[PDB]
Amino acid sequence: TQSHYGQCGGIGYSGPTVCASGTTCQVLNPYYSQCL
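### Here's the deal with unusual backbone geometry
Positive phi values are uncommon outside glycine, yet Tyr-5 reaches one of about 75°. Topologically, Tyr-5 is positioned in the segment before β1 (25-27). Look at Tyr-5 and you get exposed, because its relative accessible area is 55%.

Given below as structure tokens:
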């Protein structure tokens, strides 16, 4: 799973798109999404 402040992933990311419980996957850029 994607750790806090890590890239959950935007378009193109096929792995841990799920963020750690409590953190929100925020798609900042279409390809860069971070777990805040």
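### A look at the side chain of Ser-33
Mapping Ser-33 onto the fold places it in strand β2 (residues 33-35). Taking the relative accessible area as the measure of exposure, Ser-33 reaches 0% and is therefore buried. At a separation of 3.0 Å, a polar atom in the side chain of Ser-33 contacts the main-chain carbonyl oxygen of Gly-9. Within polar-contact distance, the side chain of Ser-33 engages the backbone nitrogen of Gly-10 at 3.2 Å.

### Here we look at the UniProt feature "disulfide bond" in the chain
Sulfur atoms bridged by a disulfide sit less than 2.5 Å apart; for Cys-8 and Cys-25, annotated as such a bridge in UniProt, the distance of 2.0 Å is consistent with the bond. Here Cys-8, found in the segment before β1, pairs with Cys-25, found in strand β1; they are 17 residues apart in sequence, far enough to count as distant. Here the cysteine sulfurs of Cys-19 and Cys-35 are separated by 2.0 Å, meaning the disulfide UniProt annotates for them is intact. You can see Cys-19 sitting in the segment before β1 and its partner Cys-35 sitting in strand β2, a full 16 residues away along the chain.

Quick notes on the rules
- Residues numbered from 1 in each chain as written, not as in the entry; some residues may be left out.
- Heavy atoms only, no water.
- Helix = DSSP H or I, 4+ residues; strand = E, 2+ residues; numbered from the N terminus.
- Buried < 20%, exposed > 50% of the residue type's maximum accessible area, 1.4 Å probe, protein only.
- Polar contact = N/O pair within 3.5 Å; in protein donor to acceptor, adjacent residues only side chain to side chain.
- Disulfide = S-S within 2.5 Å.
- UniProt positions renumbered as here; feature names shortened; annotations may be inferred.

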